[PDB]
Amino acid sequence: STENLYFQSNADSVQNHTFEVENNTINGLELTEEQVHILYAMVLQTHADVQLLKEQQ
Amino acid sequence: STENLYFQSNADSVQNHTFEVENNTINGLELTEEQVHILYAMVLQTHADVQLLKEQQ
Amino acid sequence: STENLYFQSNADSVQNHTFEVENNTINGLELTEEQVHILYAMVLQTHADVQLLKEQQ
Amino acid sequence: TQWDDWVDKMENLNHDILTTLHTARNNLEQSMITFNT
Amino acid sequence: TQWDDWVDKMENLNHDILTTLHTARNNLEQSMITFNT
Amino acid sequence: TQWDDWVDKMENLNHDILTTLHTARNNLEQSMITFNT
């Protein structure tokens, strides 16, 4: 059953790498979201500094 | 035809959840992009405030 | 073998469009990451400007 | 203010992305389990 | 200026992401329709 | 400082995303090659 067994193995391999691509992509999205949270924090902090400067003027 | 019918049902289920993962991931990307647009706006606005401050100095 | 050939063609088409969705999504992530790098640069530059302003006060 | 509205939009998007990633992962887990039936 | 170039890069990326998401969704819709043939 | 820690976190995430995209693409390339066997 070599041929069939091999091609079933390939089909399973394609499916599993697809699961892996999806996992990688969801993880990538999660990482960009973490960077966005940091940028958001930096931006809020800079805004507070700027507001103080505007008052001090 | 129970066995075969069941496993065809599973194959369809795997395919459909794959469509759903892809839909979720595209939607997630679209959401991060919306946050990026907001951050970009906040950053541009802060830059304008900072420029005025530099002139006022 | 028309029926079978057609449905094998459809199966291949589904698989290939899946590869394309994955490629599009990875590319999209890569693009958002590039925007994040730019925002990060803009934010760092604005912070430096703000720091100078705080010293000048 | 325009700044307050951006903030409110940002918070709502934080929540939508959290739910969206959770759904994506749950759908991925379902497909793997089904595939390994 | 460096700031103007960042702005120009940001605008071009906004456009590329729009096209990329549209293509992703179109490819997804094609695969679903084909699968449901 | 809080600012320095944000910077350090940002740098580490830049690296993780680079590796993650490289892995995603490598897995995609593997699945295509296997499928076209």
# chains A, B, ... in the order shown; residues from 1 in each chain; ligands from 1
call {"tool": "closest_atom_pairs", "arguments": {"of": "chain E", "to": "chain C", "cutoff": "6 Å", "atoms": "only C-alpha atoms", "output": "CSV"}}
result
residue,atom,partner,partner_atom,distance
E:17,CA,C:28,CA,5.9
E:24,CA,C:21,CA,5.0
E:27,CA,C:17,CA,5.7
E:31,CA,C:14,CA,4.7
call {"tool": "write_last_selection", "arguments": {"atoms": "N, CA, C and O atoms", "output": "mmCIF file, in the first residue's frame"}}
result
data_model
loop_
_atom_site.group_PDB
_atom_site.id
_atom_site.type_symbol
_atom_site.label_atom_id
_atom_site.label_comp_id
_atom_site.auth_asym_id
_atom_site.auth_seq_id
_atom_site.Cartn_x
_atom_site.Cartn_y
_atom_site.Cartn_z
ATOM 1 N N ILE E 17 -2.247 47.927 2.424
ATOM 2 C CA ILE E 17 -2.975 47.053 3.340
ATOM 3 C C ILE E 17 -4.430 46.907 2.905
ATOM 4 O O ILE E 17 -4.999 45.813 2.966
ATOM 5 N N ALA E 24 -7.146 39.192 0.129
ATOM 6 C CA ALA E 24 -7.291 38.087 1.065
ATOM 7 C C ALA E 24 -8.751 37.669 1.129
ATOM 8 O O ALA E 24 -9.057 36.486 1.027
ATOM 9 N N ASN E 27 -9.930 36.038 -2.133
ATOM 10 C CA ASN E 27 -9.443 34.666 -2.221
ATOM 11 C C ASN E 27 -10.212 33.742 -1.274
ATOM 12 O O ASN E 27 -10.561 32.623 -1.642
ATOM 13 N N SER E 31 -12.544 30.432 -2.382
ATOM 14 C CA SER E 31 -12.320 29.063 -1.888
ATOM 15 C C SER E 31 -13.587 28.488 -1.270
ATOM 16 O O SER E 31 -13.836 27.276 -1.360
#
call {"tool": "atom_distance", "arguments": {"atom1": "CA of residue 2 in chain C", "atom2": "CA of residue 3 in chain B"}}
result
26.6 Å
call {"tool": "closest_residue", "arguments": {"among": "C:51, C:4, C:46, C:37", "to": "chain B", "atoms": "only C-alpha atoms"}}
result
C:46
